[PDB]
2 protein chains.
Amino acid sequence: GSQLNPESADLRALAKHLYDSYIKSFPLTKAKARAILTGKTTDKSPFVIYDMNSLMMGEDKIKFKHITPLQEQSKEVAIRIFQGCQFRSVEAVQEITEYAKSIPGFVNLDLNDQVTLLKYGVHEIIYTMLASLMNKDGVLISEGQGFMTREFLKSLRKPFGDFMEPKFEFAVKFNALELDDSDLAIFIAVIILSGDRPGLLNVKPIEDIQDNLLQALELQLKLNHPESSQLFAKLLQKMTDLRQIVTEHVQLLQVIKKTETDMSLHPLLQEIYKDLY
Amino acid sequence: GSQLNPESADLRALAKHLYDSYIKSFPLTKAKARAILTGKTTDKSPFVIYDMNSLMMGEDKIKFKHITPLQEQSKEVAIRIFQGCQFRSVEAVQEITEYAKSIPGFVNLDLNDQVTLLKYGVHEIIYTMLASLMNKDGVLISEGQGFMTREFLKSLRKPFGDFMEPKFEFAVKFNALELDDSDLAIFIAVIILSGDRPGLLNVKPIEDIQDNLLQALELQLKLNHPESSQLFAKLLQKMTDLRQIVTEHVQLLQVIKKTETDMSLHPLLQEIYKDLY
Ligand SMILES: COc1ccc2c(-n3c(=O)n(Cc4cccc([C@@]5(C)OC(=O)NC5=O)c4)c4ccccc43)noc2c1
Ligand SMILES: COc1ccc2c(-n3c(=O)n(Cc4cccc([C@@]5(C)OC(=O)NC5=O)c4)c4ccccc43)noc2c1
């Protein structure tokens with residue numbers, strides 16, 4: 001807290017540290033994603049998926065990350081897309097864990113508490129980050145190479161047609177807050193350091209780090225958004241919305257798998273892609 | 001304790017008006033509840049119900065809110081307790097409604113939105129307020145004249161066995177924040193004015209009132225708890241725990257509605273449970 005206000009030095013160093021770590025861990029930033037979604041893409045437009053024919057072409061042309069399960073699982077599109085999101089979600093776990101280790105104090109916590117914080121936090125972070133690739137009309141696919149429309153995802157078979165809708169509804173409201181990457185970098189760090197996680201052995205250093213992160217975010221929002229009145233409080237309220245998407249996703253995994261006979265892929269693939277959904 | 005600034009001054013006057021209305025609307029405050037639970041063991045001492053035998057001995061001794069004149073009971077302990085809590089929730093709706101009308105701007109809102117704010121606000125408030133009446137060992141009952149143990153409530157017949165546990169678990173963590181009646185007045189007003197409720201016609205006028213309630217809650221907590229670093233952020237995150245209790249209570253009632261065909265549900269609560277998520 002050396003001059004400027006004061007209490008604008010250790011907190012500003014923490015804010016900048018997280019921002020740099022976030023840029024390093026998550027290459028597709030909100031800034032880069034918005035440029036594509038608004039049309040400032042520098043005439044390098046993403047491939048649009050609006051129906052089955054465009055999906056078929058994108059798989060051959062762009063060669064998406066979800067083209068792979070055309071050798072282990074069924075040809076059913078709705079199942080391939082749903083499992084593809086599951087595969088990306090498990091891939092994201094590693095990006096989030098690398099980011100978490102860069103949070104001052106996180107590596108010094110009890111090894112079991114680190115596992116617990118990442119286990120319950122990753123899903124809340126996935127949905128927060130997913131908002132950055134979404135607008136009212138769709139979502140950016142595979143590193144911004146494609147754009148899958150909201151209508152196409154809604155056109156999907158009986159249980160799968162409603163899977164992306166809760167994330168779209170949240171995204172529209174979360175995006176109205178108009179946060180940028182430097183804001184998100186601190187918000188995701190606050191999510192990880194949640195002291196109410198079940199099975200936590202030593203809550204004290206967790207809440208101590210989170211309180212320091214909350215102070216850094218409160219300041220970040222006041223400096224970057226002076227006109228957005230209670231932006232900090234409004235953002236904290238969105239953690240209710242995040243937790244609800246997570247609880248609803250768990251309900252869907254119960255509706256499917258206990259109605260879905262089309263298996264869950266190769267035994268080794270099933271093992272790699274479990275729990276982190 | 002504003003100390004200059006006409007902005008801080010308006011927020012203090014708002015905090016003052018809300019605390020005033022809360023005292024007028026809710027007869028059993030947290031302050032009174034704590035005085036009964038802790039020290040002052042004279043005319044304030046409650047009768048303790050810890051087993052089936054003590055419950056029977058209690059009805060004959062002190063005339064509680066569950067043993068009113070004429071056949072209005074159920075002639076079965078587990079159901080009788082649950083029905084009493086159901087009737088108390090109806091009375092609480094009248095108290096919360098009275099308090100809701102005192103929040104500046106609430107009565108000015110579209111009538112349909114006034115109904116939706118209360119439909120969803122009610123249960124989250126009952127549970128927040130109920131924490132004031134609890135400790136880890138039990139709950140104050142019949143206007144603080146009695147005290148029912150957590151263990152006697154946990155030991156009830158099969159469908160009612162777990163019924164109070166999510167409330168007691170929430171109360172333990174919520175009570176750890178050490179909020180007083182003056183903080184609760186603002187927080188419950190913040191809960192009612194939730195712009196993210198389903199079916200709201202005009203979100204913007206609700207959000208504007210909530211923004212001002214959040215500003216008044218932030219100042220209140222900083223002045224009343226200056227040694228409690230991020231109390232405001234910790235309090236806003238508890239709104240997630242509130243939502244989960246509601247979801248479980250509703251799920252619990254669906255089971256009761258099927259297994260207990262002869263148990264009546266109040267129309268007022270039936271309208272509340274209706275299109276609830
Ligand atoms: C940067 O931080 C982030 C940002 C985003 C995600 C994320 N995620 C995501 O992108 N979608 C939308 C989507 C839709 C369709 C196909 C695909 C994929 C898998 O299939 C395809 O062909 N391209 C693909 O990307 C992806 C998700 C949908 C659901 C859950 C997580 C999703 N998981 O983890 C993340 C980390
Ligand atoms: C705004 O402040 C508040 C404060 C509290 C409540 C509240 N509530 C509550 O008090 N309990 C605990 C309890 C336990 C046992 C018996 C009884 C009663 C009803 O039955 C009996 O025999 N004696 C009794 O008091 C009451 C609840 C339990 C469940 C739901 C709501 C409950 N509903 O609404 C409120 C508004």
Side-chain angles (χ1 to χ4, degrees), chain A residues 22 25-30 33 47 49 55 58-59 62-68 80-93 95-96 99 122-123 125-134 138-148 152-153 163-164 167-168 184 188 245 249 276-277, chain B residues 22 25-30 33 49 55 58-59 62 64-67 80-96 99 122-123 125-134 138-148 152-153 163-164 167-168 184 188 245 249:
Chain A
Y22 170 99
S25 291
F26 317 99
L28 187 57
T29 69
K30 191 191 186 175
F47 189 92
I49 296 107
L55 176 79
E59 289 203 77
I62 311 281
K63 208 168 261 188
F64 306 127
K65 299 161 172 188
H66 86 286
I67 81 113
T68 332
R80 284 190 307 112
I81 293 173
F82 187 80
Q83 294 183 145
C85 293
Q86 285 186 136
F87 296 127
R88 175 54 198 139
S89 296
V90 166
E91 186 185 30
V93 169
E95 295 157 29
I96 298 164
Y99 174 74
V122 293
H123 308 277
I125 295 161
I126 286 159
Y127 304 139
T128 297
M129 296 291 282
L130 182 56
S132 301
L133 320 171
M134 284 176 154
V139 56
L140 260 6
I141 255 75
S142 66
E143 297 151 5
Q145 287 189 113
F147 180 83
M148 195 177 290
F152 175 67
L153 283 157
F163 102 100
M164 289 280 92
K167 347 253 175 182
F168 273 113
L184 263 357
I188 68 169
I245 308 145
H249 174 68
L276 313 154
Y277 323 121
Chain B
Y22 172 100
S25 299
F26 309 104
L28 183 55
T29 62
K30 186 172 175 176
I49 294 147
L55 182 106
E59 296 171 293
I62 301 158
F64 306 124
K65 213 99 178 180
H66 74 284
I67 348 110
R80 207 152 68 209
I81 292 155
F82 194 84
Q83 292 289 260
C85 300
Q86 193 196 290
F87 164 73
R88 176 55 194 128
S89 291
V90 174
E91 288 184 301
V93 167
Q94 311 184 120
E95 285 152 71
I96 294 152
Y99 181 72
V122 148
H123 285 85
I125 306 211
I126 282 164
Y127 308 140
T128 295
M129 299 296 271
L130 178 61
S132 299
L133 265 49
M134 298 173 148
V139 66
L140 240 25
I141 66 151
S142 173
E143 273 291 287
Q145 292 176 89
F147 179 83
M148 202 171 284
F152 171 68
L153 280 158
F163 116 88
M164 289 293 279
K167 290 136 198 163
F168 276 114
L184 269 355
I188 72 165
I245 314 162
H249 171 77

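Residue numbers start from 1 in every chain, and the chains themselves are labelled A, B, ... in the order their sequence lines are given, proteins ahead of strands. Scope of the values below: all heavy atoms of this structure, side chains included, with no hydrogens, waters or symmetry mates. Each ligand, and each atom within it, is numbered from 1 in the order the structure gives.
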Problem set entry | Plane angle bin for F26(B) and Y99(B) - parallel if under 30°, tilted between 30 and 60°, otherwise perpendicular | tilted
Exercise. Once the angle between the rings of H249(A) and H123(A) is folded into 0 to 90°, is it parallel (under 30°), tilted (30 to 60°) or perpendicular (over 60°)?
Worked result: tilted
For this session: Would you mind checking which non-hydrogen protein atom is closest to atom 30 (C) of ligand 2, with the distance to 0.1 Å?
Result: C85(B) CB, 4.0 Å
For this session: Would you mind running through ligand 2 and noting each atom that sits below 4.0 Å from a heavy atom of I126(B)?
Result: 31 (C), 33 (N), 34 (O)
For this session: Just need the protein heavy atom nearest to atom 33 (N) of ligand 2, so name the residue and atom and give the distance.
Result: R88(B) CG, 3.5 Å
For this session: Around atom 5 (C) of ligand 2, find the nearest protein heavy atom and jot down its residue, atom name and distance.
Result: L133(B) CD2, 3.8 Å
Exercise. Who's the nearest protein heavy-atom neighbour of atom 12 (C) of ligand 2, and how far?
Worked result: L130(B) CD1, 3.7 Å
Exercise. So is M164(A) close enough to ligand 1, meaning a heavy atom under 4.0 angstrom away?
Worked result: yes
Exercise. What protein heavy atom sits nearest atom 25 (O) of ligand 2, and how far off is it?
Worked result: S142(B) N, 2.8 Å
Exercise. What part of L153(B), side chain from CB on, backbone N/CA/C/O, both or neither, has a heavy atom under 4.0 Å from ligand 2?
Worked result: neither
Problem set entry | Identity of the nearest option to atom 20 (O) of ligand 2, non-hydrogen atoms only, from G84(B), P27(B), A33(B), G58(B) | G84(B)
For this session: Considering only non-hydrogen protein atoms, determine which one is nearest to atom 34 (O) of ligand 2 and report residue, atom name and distance to 0.1 Å.
Result: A92(B) CB, 3.2 Å
For this session: Distance to 0.1 Å, residue and atom name: give those for the protein heavy atom nearest to atom 21 (C) of ligand 2.
Result: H66(B) ND1, 3.8 Å
